[PDB]
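So the structure is just underneath, and the comments pick up after that.
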Amino acid sequence: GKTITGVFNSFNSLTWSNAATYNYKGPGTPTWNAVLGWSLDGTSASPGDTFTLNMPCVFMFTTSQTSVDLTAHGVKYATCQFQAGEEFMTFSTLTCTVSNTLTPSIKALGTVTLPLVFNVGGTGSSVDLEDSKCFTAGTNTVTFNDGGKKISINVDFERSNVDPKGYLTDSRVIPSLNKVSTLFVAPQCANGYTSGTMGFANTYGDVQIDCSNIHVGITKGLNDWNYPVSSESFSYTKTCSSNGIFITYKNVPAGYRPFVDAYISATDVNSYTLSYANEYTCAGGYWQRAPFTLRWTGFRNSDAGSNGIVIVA
């Protein structure tokens, strides 16, 4: 029937719950539990009606579930659907629907908790690049929307403990494609890069590179969690197979960091290994060829649930 608004009306709590062993409290590190207040009124809301909650800068929900129910006392008065932004968009949403239990008489209240990770960058995609300027370390204000009607809360974010002068890698799962997105940023040559090679290959036949979905570029500095803030182009040659992706670059400018990121499929996405190529000759003669191998593991999923109170009137 109608498309109601203002159901989610309060941002009660936004608290971190380290999913795995991350050594900092960042928005890009799971899991952040958003507790939101909701209220449905039978007099003004009818079964079938629909409401969206729009959540900017939220990458995905760190749960295997595809929906969460608004449940006041073992009873379900609405079903909500998770729509992760991932790499498709900069925001995620909750598309909900009123259940047939919400009769004119019934008024349901309560809270819902939502395991969410933010997108503070991670690839050259327009999506991550915009979302890479969404938060900064320290005290931040996070705002969700319900159709013109906003709910906000303050939260403290910590920067990364990894020193941004060395080589930097990260990884992040994309469930809607069964793909893991990984990143590689060469060590910092403060005055620019003369030459260099950089990439990553699979190890022992479990990893494959999605050649179609690569990004290669240079970043003018980085954001607080060691992710690219912008992707320009520069002078490289590109070799890419389903086995592994490598570039040989030249003629870099001071203040810029070269990076390469790509979609992959590994057998067990919560345990895999990659081999990284690493030469760089700085603007300064410091030629050094330092390849390595890095193992990548899993996150600890959480649950979305709700509780509530009902008033039969």
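Numbering starts at 1 and runs along the chain as displayed.
According to its header, the structure was obtained by X-ray crystallography, 3.0 Å.
Even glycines carry a Cβ here, placed using N, Cα and C.
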Going by the disulfide annotation in Swiss-Prot, which one of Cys80, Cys134 is bonded to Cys96?
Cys80
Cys282 forms a disulfide with which residue in Swiss-Prot, given the options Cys134, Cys189, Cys211?
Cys189
Pop the Cα-Cα gap between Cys96 (disulfide bond) and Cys189 (disulfide bond) into the table, whole Å please.
50
By the 10 Å Cβ-neighbour count, the most surrounded of the disulfide-bonded residues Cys80, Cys211, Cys282 is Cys80
How big is the Cα-to-Cα gap, in Å, between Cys57 (disulfide bond) and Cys240 (disulfide bond)?
31
State the Cα to Cα distance, in Å, between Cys211 (disulfide bond) and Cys282 (disulfide bond), rounded to an integer.
28
Nearest by Cα to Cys134 (disulfide bond), of the disulfide-bonded residues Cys96, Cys240, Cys282, is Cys96
